Amino acid sequence: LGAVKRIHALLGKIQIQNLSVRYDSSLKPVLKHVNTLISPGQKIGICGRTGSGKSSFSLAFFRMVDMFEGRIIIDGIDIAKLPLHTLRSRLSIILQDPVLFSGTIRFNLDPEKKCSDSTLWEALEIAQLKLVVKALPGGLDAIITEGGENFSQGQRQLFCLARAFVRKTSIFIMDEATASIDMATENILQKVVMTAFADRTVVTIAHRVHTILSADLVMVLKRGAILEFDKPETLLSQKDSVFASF
């Protein structure tokens, strides 16, 4: 009866306007009066804290919370008025480290269950993954045993990128790698990011200013507010906090 009591104990245009949010509502607002606008096809870098707006940027994109004040619009519509499951289902995420299921490669590459194997494999060709897909032992039918640990970090990154491509997202969210890969592979990865972000809205969670020197735009955050946003050369010319981080 203690065990049953344990069982009972078991139960593409984007603009932010003046958005404030706090999970606690007590310690501090997470973001305070953030304002910026991203045109379709712009490559946008978010800089400031690591995870207060890596996480606040991602959390707002995933709609993990509504704002306390202000509004967040996606494609001209306030995110408080969209079906959350439809929103998140219509949003593709490719992070630096992707978690995969202990199933087939094809099955690991289906978070879009009605995709045909041909369209997925073709999508991997478009998203430059088909070569390493083909050189997996069973190709598309290769069981991703141990949740994807027989693939490299880079090959997993490509897989995640194709997984975004297959979902035909309007907007991309990319988690910047915390380590290096190679010169030809990080260089390729950046080329893939450039092609992905071509004609599309790109949200880069930036931490290092080292990579973001060829971002179309960098958004610099301080104490929960966006104080400045521009391109890297101009931000370096500003000589402020982002220039000190650059």
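Numbering, chain A: per Swiss-Prot, residues 1309-1319, 1343-1577 in sequence.
The backbone N, Cα and C atoms fix where each Cβ goes, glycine too.
Look at Swiss-Prot and you will find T1381, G1382, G1384, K1385, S1386, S1387 tagged as ADP binding site, backed by similarity to another entry.
Looking only at other Cβ atoms within 10 Å, the busiest spot among the binding-site residues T1381, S1386, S1387 turns out to be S1387. The Cβ of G1382 has fewer other Cβ atoms within 10 Å than any other of the binding-site residues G1382, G1384. The Cβ of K1385 (ADP binding site) lies under 8 Å from the Cβ of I1377, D1506, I1536, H1538, each of which sits 6+ residues away along the same chain.
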